[PDB]
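Presented below, as C-alpha coordinates, is a lone chain in the form deposited in one PDB entry.
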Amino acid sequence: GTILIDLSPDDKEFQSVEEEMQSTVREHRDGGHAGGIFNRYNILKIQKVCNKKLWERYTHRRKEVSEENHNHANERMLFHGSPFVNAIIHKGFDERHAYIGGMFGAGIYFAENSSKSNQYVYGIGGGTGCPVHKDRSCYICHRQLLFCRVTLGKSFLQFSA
(Lines give C-alpha, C1' and ligand atoms only; values in the text may rest on other atoms or scores of the structure.)
Protein backbone atom coordinates (compact mmCIF):
# COMPACT_ATOMS: atom_id res chain seq x y z
CA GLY A 1 0.00 0.00 0.00
CA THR A 2 2.95 2.43 -0.15
CA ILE A 3 3.00 5.26 -2.64
CA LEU A 4 5.76 7.87 -3.08
CA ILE A 5 4.81 11.44 -4.05
CA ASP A 6 7.53 13.71 -5.44
CA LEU A 7 7.79 17.14 -3.95
CA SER A 8 8.45 20.12 -6.15
CA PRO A 9 11.65 22.03 -5.23
CA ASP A 10 9.33 25.06 -5.15
CA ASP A 11 7.24 23.46 -2.37
CA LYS A 12 7.88 24.91 1.11
CA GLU A 13 7.95 21.30 2.46
CA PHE A 14 10.74 20.36 0.03
CA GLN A 15 12.63 23.42 1.12
CA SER A 16 12.34 22.87 4.90
CA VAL A 17 13.37 19.17 4.55
CA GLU A 18 16.39 20.12 2.38
CA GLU A 19 17.44 22.77 4.91
CA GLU A 20 17.34 20.26 7.78
CA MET A 21 19.42 17.87 5.67
CA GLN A 22 22.08 20.46 4.69
CA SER A 23 22.38 22.32 7.97
CA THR A 24 22.91 19.20 10.14
CA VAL A 25 26.08 18.16 8.30
CA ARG A 26 29.15 18.04 10.56
CA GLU A 27 32.70 16.73 10.44
CA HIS A 28 33.14 13.24 11.90
CA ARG A 29 35.88 11.83 14.04
CA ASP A 30 36.75 9.24 11.42
CA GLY A 31 37.89 11.98 8.98
CA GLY A 32 35.21 10.70 6.54
CA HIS A 33 36.18 7.00 6.50
CA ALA A 34 32.64 5.65 7.03
CA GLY A 35 30.51 8.18 5.19
CA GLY A 36 32.86 10.08 2.86
CA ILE A 37 34.36 13.58 2.75
CA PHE A 38 31.83 16.35 2.13
CA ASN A 39 30.39 19.52 3.63
CA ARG A 40 27.09 19.42 1.79
CA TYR A 41 24.82 17.39 -0.46
CA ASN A 42 23.32 17.57 -3.91
CA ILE A 43 19.66 16.81 -3.28
CA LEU A 44 18.23 14.94 -6.25
CA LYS A 45 14.69 14.19 -5.07
CA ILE A 46 12.48 14.34 -2.01
CA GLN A 47 9.44 12.04 -1.82
CA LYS A 48 6.64 11.90 0.69
CA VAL A 49 6.00 8.32 1.83
CA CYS A 50 2.26 7.50 2.17
CA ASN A 51 1.01 4.30 3.66
CA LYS A 52 -2.27 4.33 5.54
CA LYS A 53 -1.71 1.14 7.44
CA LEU A 54 1.84 2.05 8.59
CA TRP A 55 0.67 5.52 9.62
CA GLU A 56 -2.18 4.17 11.74
CA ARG A 57 0.26 1.68 13.24
CA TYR A 58 2.45 4.72 14.21
CA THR A 59 -0.42 6.89 15.59
CA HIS A 60 -1.83 3.99 17.64
CA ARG A 61 1.52 3.52 19.40
CA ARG A 62 2.05 7.29 19.68
CA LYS A 63 -1.18 7.60 21.68
CA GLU A 64 -0.21 4.70 23.96
CA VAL A 65 3.13 6.41 24.74
CA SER A 66 1.50 9.79 25.20
CA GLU A 67 -1.00 8.49 27.78
CA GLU A 68 1.93 6.91 29.67
CA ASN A 69 3.76 10.37 29.71
CA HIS A 70 1.25 13.05 30.74
CA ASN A 71 -0.08 13.43 27.18
CA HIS A 72 3.33 14.13 25.69
CA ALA A 73 4.54 11.89 22.81
CA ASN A 74 7.86 13.79 22.66
CA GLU A 75 7.81 13.48 18.91
CA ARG A 76 10.87 14.36 16.86
CA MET A 77 11.88 14.41 13.20
CA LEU A 78 15.10 12.49 12.81
CA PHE A 79 17.31 10.93 10.11
CA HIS A 80 17.75 7.23 9.49
CA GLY A 81 20.29 5.70 7.10
CA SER A 82 20.19 2.04 6.12
CA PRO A 83 20.83 -0.47 3.37
CA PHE A 84 17.16 -1.48 3.92
CA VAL A 85 15.30 1.82 3.08
CA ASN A 86 13.22 0.08 0.40
CA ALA A 87 11.98 -2.61 2.82
CA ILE A 88 11.33 0.08 5.48
CA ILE A 89 9.17 2.27 3.30
CA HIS A 90 7.01 -0.70 2.23
CA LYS A 91 6.76 -2.76 5.40
CA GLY A 92 7.66 -0.41 8.29
CA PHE A 93 10.46 -0.56 10.81
CA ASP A 94 10.90 -3.89 12.63
CA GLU A 95 13.56 -6.01 14.45
CA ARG A 96 15.38 -6.63 11.16
CA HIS A 97 16.32 -2.94 11.01
CA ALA A 98 17.88 -2.94 14.52
CA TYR A 99 21.60 -2.21 15.08
CA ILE A 100 22.37 -5.25 17.24
CA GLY A 101 25.84 -4.00 18.12
CA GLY A 102 25.03 -0.31 18.72
CA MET A 103 26.32 1.67 21.74
CA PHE A 104 22.85 1.54 23.39
CA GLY A 105 21.97 -2.05 22.63
CA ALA A 106 19.91 -3.70 19.96
CA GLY A 107 17.39 -1.14 18.75
CA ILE A 108 16.57 1.14 15.89
CA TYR A 109 18.91 4.13 15.75
CA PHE A 110 18.11 7.68 14.59
CA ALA A 111 20.26 10.81 14.29
CA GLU A 112 19.86 14.63 14.47
CA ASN A 113 22.93 14.94 12.22
CA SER A 114 22.07 13.88 8.66
CA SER A 115 25.85 13.20 8.18
CA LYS A 116 25.72 10.66 11.02
CA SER A 117 22.89 8.69 9.28
CA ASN A 118 24.87 8.97 6.02
CA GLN A 119 27.65 6.82 7.63
CA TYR A 120 25.17 3.92 7.63
CA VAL A 121 23.59 4.14 4.14
CA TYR A 122 26.03 1.45 2.81
CA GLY A 123 26.13 -0.55 6.05
CA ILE A 124 27.68 -0.46 9.54
CA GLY A 125 30.78 1.72 9.38
CA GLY A 126 29.87 2.35 5.72
CA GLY A 127 30.33 -1.35 4.81
CA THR A 128 32.30 -1.57 1.57
CA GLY A 129 30.90 1.71 0.13
CA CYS A 130 28.77 2.06 -2.98
CA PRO A 131 27.79 -1.17 -4.71
CA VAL A 132 29.22 -0.03 -8.07
CA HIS A 133 32.67 1.44 -7.18
CA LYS A 134 33.24 0.04 -3.63
CA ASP A 135 33.87 3.58 -2.47
CA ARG A 136 32.57 4.77 0.92
CA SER A 137 33.23 8.30 -0.34
CA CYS A 138 31.63 7.88 -3.83
CA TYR A 139 30.58 11.23 -5.33
CA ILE A 140 28.71 9.58 -8.22
CA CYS A 141 26.29 6.97 -6.86
CA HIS A 142 22.84 8.08 -5.58
CA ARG A 143 22.27 7.60 -1.85
CA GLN A 144 19.02 7.53 0.13
CA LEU A 145 18.21 8.66 3.74
CA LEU A 146 14.83 8.64 5.49
CA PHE A 147 13.59 11.68 7.44
CA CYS A 148 11.30 10.11 10.04
CA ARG A 149 8.69 11.01 12.67
CA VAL A 150 9.84 9.37 15.88
CA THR A 151 8.06 9.03 19.21
CA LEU A 152 10.55 9.24 22.10
CA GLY A 153 8.15 9.52 25.02
CA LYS A 154 10.13 9.38 28.29
CA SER A 155 13.71 8.98 27.07
CA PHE A 156 16.53 7.51 29.15
CA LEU A 157 19.50 9.94 29.12
CA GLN A 158 22.88 8.33 28.47
CA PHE A 159 26.00 10.62 28.60
CA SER A 160 28.62 9.50 26.15
CA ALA A 161 31.79 10.01 24.12
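Rigid core here is just the name for the largest C-alpha set that superposes within 1.5 Å across the two forms. Heads up: residue numbers just count along the shown sequence, starting at 1.
If you average the C-alpha B-factors over 88-96 and over 105-113, the higher value belongs to 88-96. Higher mean CA temperature factor, per the PDB entry, when comparing 129-137 with 57-65: 129-137.
The PDB entry assigns its highest CA temperature factor, among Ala34, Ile46, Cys50, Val121, to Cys50. Among the modelled residues of its chain, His142 has a C-alpha B-factor that falls in the middle third, as given in the PDB entry. Looking at the C-alpha B-factors along this chain, the one for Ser155 belongs to the lowest third.
One more form of this protein exists, namely the form deposited in another entry; it is left out here, but the text below deals with it.
In the core-aligned comparison between this form and the one not shown, the C-alpha of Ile100 is the only one from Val132, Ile100, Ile37, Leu44 that shifts by 2 Å or more.
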